[PDB]
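Shown next as structure tokens: one chain only, the form deposited in one PDB entry.
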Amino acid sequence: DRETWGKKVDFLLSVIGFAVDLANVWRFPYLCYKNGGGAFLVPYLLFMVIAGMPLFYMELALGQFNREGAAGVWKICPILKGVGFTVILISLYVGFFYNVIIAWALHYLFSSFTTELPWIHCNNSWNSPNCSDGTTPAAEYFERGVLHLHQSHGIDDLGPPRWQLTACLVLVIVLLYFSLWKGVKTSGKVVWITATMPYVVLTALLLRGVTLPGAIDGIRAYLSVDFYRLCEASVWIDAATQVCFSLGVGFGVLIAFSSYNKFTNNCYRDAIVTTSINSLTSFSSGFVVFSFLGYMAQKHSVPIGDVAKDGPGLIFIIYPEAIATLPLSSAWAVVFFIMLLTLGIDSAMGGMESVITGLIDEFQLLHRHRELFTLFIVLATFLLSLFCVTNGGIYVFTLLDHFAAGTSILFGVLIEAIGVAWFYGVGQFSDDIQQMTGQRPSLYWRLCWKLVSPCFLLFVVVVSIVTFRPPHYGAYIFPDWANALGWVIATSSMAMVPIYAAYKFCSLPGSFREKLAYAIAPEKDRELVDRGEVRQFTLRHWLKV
């Protein structure tokens, strides 16, 4: 009685909605433009084929077979149960700050319901004497009339929270609570709108932007192969990092979503379809951004390089600046901000569902008490998200975005891959998959699970640690204690594995050998362990593909 999905289309839509987030539609086209373009697809496709698909398949299959949450699937290796807490903490940390972009989108949407947009000129009370008519009026409106950033001196001078953004945060929190309090029976029908509206808005945006003058010259700059940029060891690193960070792995959301699936459904086809859709969405959406950027560059007589920005300064400054020059600008602004709002609401409920399912599956007291636990979680998230709505909240946002999910997601994914493929065994995993579906994975999948994925993940982790630069916002330089706090957050997320491993080893009874045997063997093999035969205590178990 684990409350399976109402329909199968509810699962696919939920996964697609979680995967497609705000960063999906701007990061990949910019990365393609920077690293050649067209030729950048070769490292991306190679790394994707050899790393991303096997990890997606492994997560889906593990979640579906074990019928539990992120921390409950570790009855196959009891000593490695800390990685579930690690991924839950990562999701909580990301959600602590991902709910402020949606508040900004709500603020802009409410402000766009007028016959004269407030960011078209600088004659208001929030504009400095020097102006473009000197920073542009759009940027001045964004970071001087909305954020009120000019009243802060850094992360050590924050100030009281702003009520105009606190109201939007409250609205977002109320929507999040009422979209998740009854489980997946109601959460699977919400995604019928939020996972399909972005495509409807993007089609109209592309149709409008294609006809703009100079949009073709912005598209040619997007798809122009080089093939001589593959000789530099910066394109491959960027491709590997993008492959690692573009999938939904490392959060525990996929395991939680799969735990509600039927036992005998086919997860291979589902993984293939979801991955194909997620990868095609970014490539397709790259056609609108660069058409608009080419239109703007032709308007200002400047190269596209100086126009193509990144981060929150693109969708809140650059995009609502070309719209104001279009006929019927208010309607276009309204639909654009509706799309922005609906594109990151299903990536914030997926993370919350991951946390809630993972914590409920462990303690049985929080069973049938689903509304109260959800209320407590959303209240805690709202309380801890009040730091980013102050005068200097953009600094806290930048710090959290830099340190919350990075070098820890890769660590958790590598640990879980090692646990699944080495401690448990690829043979047992293949037998379980053959038990669920009707067919056994081939040699390619087992080889990728055992050898290629761990080495790739370890190389990515090492290159992420070695090449590290502190965050910044404009000309501001963060102090030392901010970097110390970021490192403390990252290490606190990552340090769940050793502490739980030590506690588990110390709690078990007996001598060293019995403790080890009960700690590394699956809970389903308890009879064999009691009899005295352990699979892991042999040479042939670790050298088997």
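Sequential numbering from 1, following the sequence displayed. So that the term is clear: the rigid core is the largest set of C-alpha atoms that superpose within 1.5 Å between two forms.
Keep in mind that the form deposited in another entry is missing from the display, and what follows is about it.
Undergrad: If you line up the core, which of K75, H300, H367, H472 has a CA that moves 2 Å or more between this form and the one not shown?
TA: Between the two forms, the residue that moves is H367.
Undergrad: Would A39 count as moving between this form and the one not shown, using a Cα shift of 2 angstroms or more after superposing the core as the test?
TA: Yes, the C-alpha moves 2 Å or more.
Undergrad: For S111, decide whether the Cα shift between this form and the one not shown is 2 Å or greater, given a superposition on the rigid core.
TA: Stays below the 2 Å threshold, so no.
Undergrad: Examine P161 after superposing the rigid core and state whether its CA is displaced by 2 Å or more between this form and the one not shown.
TA: Not so; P161 is displaced by less than 2 Å.
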